[PDB]
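Student: Chains as they are written, first to last, in the deposited numbering: chain U, 7 to 270; chain e, 1 to 9, 40 to 70; chain d, 1 to 257; chain V, 27 to 77, 88 to 116, 131 to 497.
Note that the Cβ used here is the ideal one computed from N, Cα and C, for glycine as well.
1) List the whole-angstrom C-beta distance separating residue 273/d from residue 169/d, where the pair is believed to meet the contact cut-off of C-beta under 8 Å.
2) Please decide whether residue 270/U counts as near chain V, where near means a Cβ-Cβ distance under 8 Å.
3) Which residues of chain e have a Cβ atom closer than 9 Å to the Cβ of residue 215/V, listed in chain order?
4) Flag this pair as yes or no: are the beta carbons of residue 129/U and residue 91/U separated by less than 8 Å?
5) Have a look at residue 257/V and residue 325/V and give me their C-alpha separation to the nearest angstrom.
6) Report buried or exposed for residue 118/U, applying the criterion of at least 16 other Cβ atoms within 10 angstroms of its Cβ.
7) If you count every other CB in all the chains shown that lies within 10 Å of the CB of residue 290/V, and 16 or more means buried, which is it?
8) Which residue's Cα is closest to the Cα of residue 5/d: 29/d, 113/d and 72/d?
9) Please name the residues in the stretch 79-92 of chain d whose beta-carbon is closer than 9 Å to at least one beta-carbon of chain U, in chain order.
10) Would you kindly report the start and end of the unbroken alpha helix (DSSP H) that includes residue 258/V?
11) Give, in chain order, every residue of the stretch 261-277 of chain V whose Cβ lies closer than 9 Å to some Cβ of chain U.
12) Would you verify that the beta carbon of residue 146/d is, or is not, closer than 8 Å to some beta carbon of chain V?
13) Please decide whether residue 47/e counts as near chain V, where near means a Cβ-Cβ distance under 8 Å.
14) Tell me whether residue 86/U, by its Cβ, gets closer than 7 Å to a heavy atom of the ligand GDP.
15) Could you please tell me which residues of the stretch 23-42 of chain U, in chain order, have their CB closer than 8 Å to any CB of chain d?
16) Any C-beta of chain V within less than 9 Å: which residues of the stretch 90-107 of chain U qualify?
17) So, at 6 Å on beta carbons, what are the nonlocal neighbours of residue 134/V in its own chain, with the 5 sequence-adjacent residues on each side left out?
18) Can you name the start and end residues of the alpha helix (DSSP H) that residue 285/V belongs to?
19) Go ahead and label residue 252/V buried or exposed: buried means 16 or more other beta carbons lie within 10 angstroms of its beta carbon, across all protein chains shown.
20) Tell me the residue span of the alpha helix (DSSP H) that contains residue 423/V.
21) How big is the Cα-Cα spacing for residue 122/U and residue 23/d?
22) Taking Cβ-Cβ distances below 8 Å as the criterion, which residues of the stretch 309-340 of chain V are in contact with chain e?
23) Taking any Cβ of chain U, which residues in the stretch 30-57 of chain d have a Cβ under 8 Å from it, in chain order?
24) Pairs of beta-carbons, one from the stretch 156-171 of chain d and one from the stretch 91-105 of chain d, closer than 8 Å: are there three or more?
25) Can you give the beta carbon distance from residue 160/V to residue 74/V, rounded, assuming they're within the 8 Å contact cut?
26) Can you give the Cα-Cα distance for residue 287/V and residue 234/V, rounded to whole angstroms?
27) Alpha carbon to alpha carbon, how far is residue 419/V from residue 430/V? Give it in angstroms, no decimals.
28) Name the chain e residues that come within less than 8 Å of residue 369/V, Cβ to Cβ?
29) Could you tell me whether the Cβ atoms of residue 50/e and residue 344/V are closer together than 8 Å?
30) Output the boundary residues of the alpha helix (DSSP H) element that contains residue 216/V.
31) Counting contacts by CB-CB distance shorter than 8 Å, is residue 197/d in contact with chain V?
32) Go to residue 172/d, then tell me how far its alpha helix (DSSP H) extends in each direction, as first and last residue.
33) Quick one: which chain U residues come within Cβ less than 7 Å of residue 239/V?
34) Apart from the five residues on each side of it in sequence, which residues of its chain come closer than 6 Å, Cβ to Cβ, to residue 56/d?
35) Select from 492/V, 447/V, 400/V and 449/V the residue whose C-alpha is nearest the C-alpha of residue 426/V.
36) Counting beta carbon pairs with one atom in the stretch 180-191 of chain d and one in the stretch 136-149 of chain d, are three or more of them shorter than 8 Å?
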């Protein structure tokens, strides 16, 4: 019975009222369930200094009901209490479905790749990279590669190779993993080339890198890159593998591409 | 079968409809009825 | 605690400046501690006891001022204050008639589900005591009878308890079905059934009521010559939409095979 | 000489039922359980029926490598409690066979309910269910290995939540278990629907019509319908509780059909008075209709000791005696206040007047007003015009008052012949029939 207290527009009793709200919120579920309009009254107010916690008790009643776009609105207008509060099933279920909204948002962001995409709250992705800092400090390669490709985005994936004093294998098995599952080529080309760039600029010269992108990306420029370097340091026991792979694996017209790049 | 609340809690018997109809209605069934015709 | 707390026992409400200054006072009372999360050191509940009683008399001062959302505000509040953890709530004699006024307006707005939820939240004292709830349930016998005679026959015995603002709404909520069947400028007078509105032979009060917002039926007819219900009697055009039901029925056959 | 026999067959209880359940649950998904794993209900109520005993089956539980063959045979051989119920965690943490955690946290622990000492082990059952509720909470934070709690242990889980109920009731009420329930709902809302909420919602209404009253309106926003109704027993008594609600919400014409439904969906037996005592307060709504037949078609003589008020009460209903009214009230109002009966005492007069007006209305095309004022114990012709309008009150059969002095010019109403009103409803009759054709389609879909 708190809409009687919601008759008051002074917030100086509304702090006591919201402390009542999260106290008997498990009993009075149907109290707010029609009072959503007055929740929007105290929410859209620019003078009510608890519109974020009004969005949280709105998160309570739409956690009792389970609405999605409401949780998107609480990602919007809950702000700080949407971000730092993350140790509860009450918050992790609704933000879990908001991460699901984010992964279909990334589906949208991979639907059309040239500008003009749908707008993104900086907080729905703020919880993404905030939960991803837990993934970086957790340091598990699942935690890196999973969220790095859930986003279908090469920036945080580029940042996943920048983690701590390990990665003896991501920089040699990452292409293996990405080829072992891939379905779309539209961004696979870019992932496959941005990995072999840092594999050319790895601490170790690798061979599976161009051994894979030379046949799944078949660049005349990359075969000229490995031609250029593996001739440039003047060793052929290392160009052994990939020149005899140029004949042994590759097919015709890629030999045409490299014979464009032979003498130079 | 304890259903969680309920454990806490033709001889003369088909005629009961006729009898509860006839409790205070024609309680003799004839001793006025055989004597109605000379009332009027 | 915190004086001018009980100082208006005889000069209760001549003024709204007194009652508005006590609105600010009670505002600060609500700002004093909290509602009910604190129980131990029982004096911190005894200010809630005194808060219950001064909000009882504040509801008296707010029902004197003829205010609907403030009085139901204090009714929700004092209802939750009788929904207090204190098993040791003493005899507050305001409870009987504040529940009486609650129940009175609660029936006056035609909430019989709320009438019986009030009956079922207190089955104990409503057996033989709580006479200003036991008298509205004799009134519920009278309205179980479907009252138009018994409104006057029960208004005979509520002469002075300041129930006035809400028994006036009871005299509002007395109904108009005979006006919705046979009235609207002529039945010579419908006086002898104790209906409150249908008294007062012809002042402009019941002339206003016999011409109130029209003639409650609506279109195509008056009650000077009655429709006897409303005159719907449309057609069997719905044979065509049951024919539509046949169409999607055959669709659902096709979905079944 | 009898107790060496449950050493054989009470052993084969866990062998056949539990061993087959766990082993056949390790594969063949959703035939993993629910072909003899949820034989659990009557085979484990029977375990609490079919058969010192208290420490024996609760020692030495978690051993190693799966030697429960030898360990349960030790439980057999040993027939010749302060840490003891916690010893299935004190031998070692269970650490394997996660379908067995709730199973052995239910089946050995629960026979103290039937041992009935209620003093020292109900708090130990509280602790054992703190362990089992630690499983319930920790299935999604620490047990990211496979399903094993929906497909088998959810149907086990709702049962042992009824056992939670059996423990929590015998001392007190529960409030923390309600938000705990709605959390259990949130981890069963979108992923895999369990009854669960409806279990402690039956308990919610069961203790709330005793002690809280706001919550039917919270059911209204909480009415996730759950049309699965697999047992139909829980759903039957669910209809019973909400029919008590609509009786106290004074909804009667809905109550008669939904409570007759709730009766006819009880296949129950055991004429101790389960179906009978639930059915009496069921057809209290027919006592509130204004119409009720003679209750000879409803009585089992085991209910007779309880209905010693009730038959004379329905006599008072069919009659109109105020002496019988008040006498049945004061004398025979015992044993029903424990169920709650005093909302019929206000409107038994309405029951009288509706029974009378039903008899007279279907009896008489035209009646007169100042003689229907003397059919029953009426008062006056103004009371009779009053009660004619109150006899309509909803849309009853045509009764126009002859509005000069002819008292009433009522007649019977017509056109129910066979013309459009039945064929207005037969679309919905065969809509129900095509719903049963959908039941035939799903009958084909069951394999």
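Tutor: Taking the definition as stated:
1) Lying before the first or after the last residue shown, residue 273/d is absent from chain d, which here runs from 1 to 257.
2) no
3) 4
4) no
5) 20 Å
6) exposed
7) buried
8) 29/d
9) 79, 80 and 83
10) 247-261
11) 262, 264, 265, 267, 268, 269, 270, 271 and 272
12) yes
13) yes
14) You won't find the ligand GDP in this model; it holds no ligand whatsoever.
15) 25, 26 and 29
16) 95, 96, 99 and 103
17) 91 and 94
18) 283-298
19) buried
20) Residue 423/V -> no alpha helix (DSSP H), and no H or E assigned at all.
21) 56 Å
22) 318, 320, 323, 324, 327 and 328
23) 30, 31, 34, 35 and 37
24) yes
25) 7 Å
26) 22 Å
27) 9 Å
28) 53 and 54
29) yes
30) 203-219
31) no
32) 164-173
33) 72
34) 94
35) 400/V
36) no
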